[PDB]
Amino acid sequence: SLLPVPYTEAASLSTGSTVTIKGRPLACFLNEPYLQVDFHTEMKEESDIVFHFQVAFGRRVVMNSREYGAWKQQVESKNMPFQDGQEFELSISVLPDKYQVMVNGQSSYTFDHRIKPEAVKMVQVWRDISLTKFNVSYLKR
């Protein structure tokens, strides 16, 4: 749709920051589309990833970090609030101890900080979605 995918935005995060993403899968769930959201330590795509959030629509979600080039301990969830063929609203909130992921207003995943969120310099949203809204909030000290 309107925002380019892959979508890259320079970003800073700290406690109280919220990343809001509105989009739609590009395929029916039977065809197994994916969504990926990566919080990077540099603007370069090969940089470390403080928070990796990857949705296999209709199947599972995997979360991880990539530290000094290497993937760490994978967290796998079978929670699937995303609905086949529907637009979704994703909210990722930076809490003192973890990221909290809301899907269509419902708390759906959390991921404890492995690297301080202040290390983030960039957010990338990609794979099989169209994007109509992307926002990072900057209201807190």
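Position 1 is the first residue in the sequence shown; the rest follow in order.
When the C-alpha B-factors of 57 to 65 and 31 to 39 are averaged, 57 to 65 comes out higher. As listed in the deposited structure, the average C-alpha B-factor of 100 to 108 and of 82 to 90 is greater for 82 to 90.
Per-chain ranking of the deposited C-alpha B factor places residue 52 in the lowest third.
Split the chain's modelled residues into thirds by C-alpha temperature factor. Residue 14 is in the highest one. For residue 132, the recorded CA B-factor ranks within the highest third of the chain. Only modelled residues enter the ranking. Ranked against the other modelled residues of its chain, the C-alpha B-factor of residue 113 as given in the entry falls in the lowest third.
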